[PDB]
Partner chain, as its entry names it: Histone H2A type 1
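Below you'll find only one chain, the form deposited without the partner chain, shown as structure tokens.
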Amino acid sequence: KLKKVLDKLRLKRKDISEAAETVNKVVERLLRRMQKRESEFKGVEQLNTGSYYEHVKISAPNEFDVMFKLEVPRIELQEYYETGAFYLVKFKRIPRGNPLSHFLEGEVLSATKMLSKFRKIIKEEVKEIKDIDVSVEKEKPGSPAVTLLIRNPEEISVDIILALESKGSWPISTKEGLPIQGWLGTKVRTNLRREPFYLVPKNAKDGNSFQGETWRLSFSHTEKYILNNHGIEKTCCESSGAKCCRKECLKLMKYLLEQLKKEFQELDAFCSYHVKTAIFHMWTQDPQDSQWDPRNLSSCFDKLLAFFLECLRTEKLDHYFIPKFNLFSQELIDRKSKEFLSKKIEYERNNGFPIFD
């Protein structure tokens, strides 16, 4: 029954080839444009992130996430209040004379001027794309992405996300995050945390304004690794290993949410990352590969559902990397919303998920 639904969600290869071909051609053009003398954003390198590159994209290959990461040495972080996720950026010492001073505001490296330039360049370059139908969607407070809209003729969107790369140790609000010791283990956790961390120009919302110079932590790269390396056994989902249902559960919970979001705008606050964050916790709670045996798909999905209902009910979903940061705090998602989603989920759960049709 859930097998059937998964069959429908599964991406068709033909559809992937036509989408990738177009998406890739456009990104390499923008990446290439981004280099090339002049621009502040030279040494940017590409990192593909997102449901698609984690292989958990459903229904259609019509959403692509791309990080344009920039290595910036000698930066100091100041925690924006006690958010844990948001920061101000300064430099160790004076530039002499170097690219990113035209994004400063005194000593602070403002996310907003840096993003506005980045968007301006992307816009001038999309202007010149003649063989493909692509446009830049209008700006949005609360998003760090310059979003492309591609009609292939199918509608495809590409979020191009500027990122600052920092090679130093992770900020201490992450010190007790990534709790994978009993699952992926201590050597993996330590190795993961020796990788760089990234900041993206999503501004912290103070009230109903946005604090324009703040940046947000991003662990898209880390999350991408974990999806490709998700078992306690090294052979999970390999040719000489056992298939598990972890990813299948993530897709099912994704589908469920996205359907409810379609016909209910009481849910615009919710999103996929909530479901992703939740399943990460499930994977920590149930680290054994044997617990996610495909035979057990139904009970694994329902356990995920029960856990997600419990997060809603108790108004608490800890960020997986930054345990201070409550994604289900009253300030980000109002109580009323959380109860509405709870009743809809509970409804589908007890009625054999009619919305799956």
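Numbering follows the first chain given and starts at 1.
The following text describes the form solved in complex with the partner chain, which does not appear among the structures shown.
J.: Heavy atoms within 4.5 Å of the partner chain in the entry with it bound: does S169 have any?
T.: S169: contacts the partner chain in the entry with it bound.
J.: Do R74 and the partner chain share at least one heavy atom pair within 4.5 Å in the entry with it bound?
T.: Looking in the entry with it bound, residue contacts with the partner chain include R74, since a heavy atom lies within 4.5 Å.
J.: Would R194 sit within 4.5 Å of the partner chain in the entry with it bound, counting heavy atoms only?
T.: Within the cut-off, so yes.
J.: Answer with yes or no whether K262 is in contact with the partner chain in the entry with it bound, where contact means some heavy atom within 4.5 Å.
T.: It does not: once the partner chain is placed as it appears in the entry with it bound, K262 has no heavy atom within 4.5 Å of it.
J.: Could you tell me which of 215 to 223, 87 to 95, 265 to 273, 198 to 206 sits within 4.5 Å of the partner chain in the entry with it bound, going by non-hydrogen atoms?
T.: Only one stretch passes the 4.5 Å heavy-atom test: 87 to 95.
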